[PDB]
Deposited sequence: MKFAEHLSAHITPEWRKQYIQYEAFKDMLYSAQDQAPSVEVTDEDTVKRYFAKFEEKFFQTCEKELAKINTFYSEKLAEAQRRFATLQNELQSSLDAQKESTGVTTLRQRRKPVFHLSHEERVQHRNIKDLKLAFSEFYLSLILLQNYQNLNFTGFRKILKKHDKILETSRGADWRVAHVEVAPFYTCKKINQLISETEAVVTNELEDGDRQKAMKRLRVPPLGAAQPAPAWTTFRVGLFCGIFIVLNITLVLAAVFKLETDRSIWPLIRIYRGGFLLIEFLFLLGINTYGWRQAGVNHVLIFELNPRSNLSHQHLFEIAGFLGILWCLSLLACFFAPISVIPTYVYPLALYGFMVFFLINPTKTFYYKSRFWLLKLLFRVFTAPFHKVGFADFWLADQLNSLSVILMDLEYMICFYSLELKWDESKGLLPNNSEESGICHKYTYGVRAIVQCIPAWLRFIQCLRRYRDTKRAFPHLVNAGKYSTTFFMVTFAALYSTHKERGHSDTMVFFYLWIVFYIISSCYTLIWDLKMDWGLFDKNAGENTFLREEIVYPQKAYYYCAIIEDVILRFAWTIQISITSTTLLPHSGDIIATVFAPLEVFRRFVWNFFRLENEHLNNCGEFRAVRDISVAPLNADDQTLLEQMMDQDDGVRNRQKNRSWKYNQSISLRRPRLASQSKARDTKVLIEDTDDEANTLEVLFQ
């Protein structure tokens, strides 16, 4: 029933063009029916055209199946050779070979699903054509040609699957089929797997509680010793980033962007956007409860400062929970990625490391707020000393994410020796160092008149412009790939675009243009004392805008990486 959406959802995105165009055939049949007036000869011509189109589709399917089968056979031969070499050598290598075998099994199951779905679509479309035309020739065509097509009559895929199972059981799992087929089953994949009902209910409950608590917080703030905005901005930004990341995952899944392969995640087990929404909602509930406790201070004995810490500490615990609960696999993966990023020069830079470093570049406000909290606790607990004065440590903390990205680019240059991309990106990140340093120098010299304060102000202005232009150009031309020379119809874009609307691309371009300058202004204001009066308000307003810009950027960067190997993270 309603095979169109079934086909659309169960199609492998990377092979979309190689599947049968069920919607195209439906449109052809409906148009022929509408244009039907000579009637018999017209119907005969339409039948001939439909059969020719079906023959073309069948030939395309057959050739794709043949090439995929040949590739699978070659990969199986290489894997068998590797396994034989490993046996001749006789732990980590065994695990890597097992992962490779799992990937090969997933590819084989994907090919099997492709052929099964193609046959089902052929049968359904021919049945629909027979029903509409009131003729049985469609069934005859299906039986004569489709039923005997090599792609449908070839069981080599099944034999390869069985051989893979036997090899894995005998050699890798030590003769126990129970160990095999677990991690080697390929459960439902893509959008074809509905999210758990309990997960959706939890997501809804958390969003509802978050909304009501936000309404209560606004009402209290309108009707009602410690900087609350500074302390809680980091948590709010983290929750917003998690929610927008869930939206990013949903869009990637809907748009056919194979983010799983790009991020090097397990195709069989993946974190759905619903899980990200659930985590964001729970964290937002905790954040709102802490803020409400701060505003009201229900328990008099417990001091106010316990409420924020108790939240953030819990968050840290939630991230580092040793127990295998609450998304333990994803949490451990995130911990490993964070450790690799913060020790960037000593590890090979994959796509995930660079992406997370960029996210930290966008979320630097959290680190800056942590430094401000440390200063406030150390000194305040001259009034407002941490806010009226700046120092080198503040600038270094601001630049830490840019330092990580710059060192990652240097490591990539060392590994690949390709000057252009990595060195240009390194310069694009060092613009941040220059701008922050000059802003800090100007702020320091403003108090103690050096007679060169205006020189530093001008240098900061030019470096601000340079950094904004550099970042915007890199985002538009390299991260997003837009403004390409191959745009046949998609002006200012590339030749291939996956998202349905180009208006989204144009709006994203405009928002990136505005928000790159906005974020540069926010960094300049926060890292120094440029605007001691309204600096906090502007920074607080701009940080969510920076997160939104970083969300749109993730969308389009993942879309470019999937379409083109812009990051050069894959062979």
Chain regions without C-alpha coordinates, deposited sequence numbering: 38 to 45, 99 to 124, 259 to 264, 422 to 435, 626 to 702
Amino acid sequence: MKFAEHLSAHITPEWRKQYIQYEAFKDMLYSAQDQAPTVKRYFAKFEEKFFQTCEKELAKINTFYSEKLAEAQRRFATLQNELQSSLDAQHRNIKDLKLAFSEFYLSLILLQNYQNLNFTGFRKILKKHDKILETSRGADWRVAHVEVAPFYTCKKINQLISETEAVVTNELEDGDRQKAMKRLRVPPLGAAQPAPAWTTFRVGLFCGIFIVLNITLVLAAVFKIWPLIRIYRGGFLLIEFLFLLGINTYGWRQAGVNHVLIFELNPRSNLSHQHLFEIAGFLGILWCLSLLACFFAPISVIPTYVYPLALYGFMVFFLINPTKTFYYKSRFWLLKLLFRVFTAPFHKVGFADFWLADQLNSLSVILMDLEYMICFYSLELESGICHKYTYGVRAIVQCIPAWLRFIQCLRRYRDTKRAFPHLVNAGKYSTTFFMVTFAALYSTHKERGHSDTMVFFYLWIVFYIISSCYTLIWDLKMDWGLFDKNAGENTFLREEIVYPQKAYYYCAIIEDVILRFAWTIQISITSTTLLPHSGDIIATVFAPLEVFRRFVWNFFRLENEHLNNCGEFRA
From here on, numbers count along this sequence of modelled residues.
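So that the term is clear: the rigid core is the largest set of C-alpha atoms that superpose within 1.5 Å between two forms.
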When the core is superposed, where do the C-alphas shift more in 7 other deposited structures of this protein: in 471 to 479 or in 140 to 148? 140 to 148
Say the other structures are aligned on the rigid core; which stretch then has the higher CA RMS in 7 other deposited structures of this protein, 125 to 133 or 490 to 498? 125 to 133
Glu173 dropped from a third or more of the other entries of this protein: no
Any chance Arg405 is unbuilt in a third or more of the other entries we compared? no
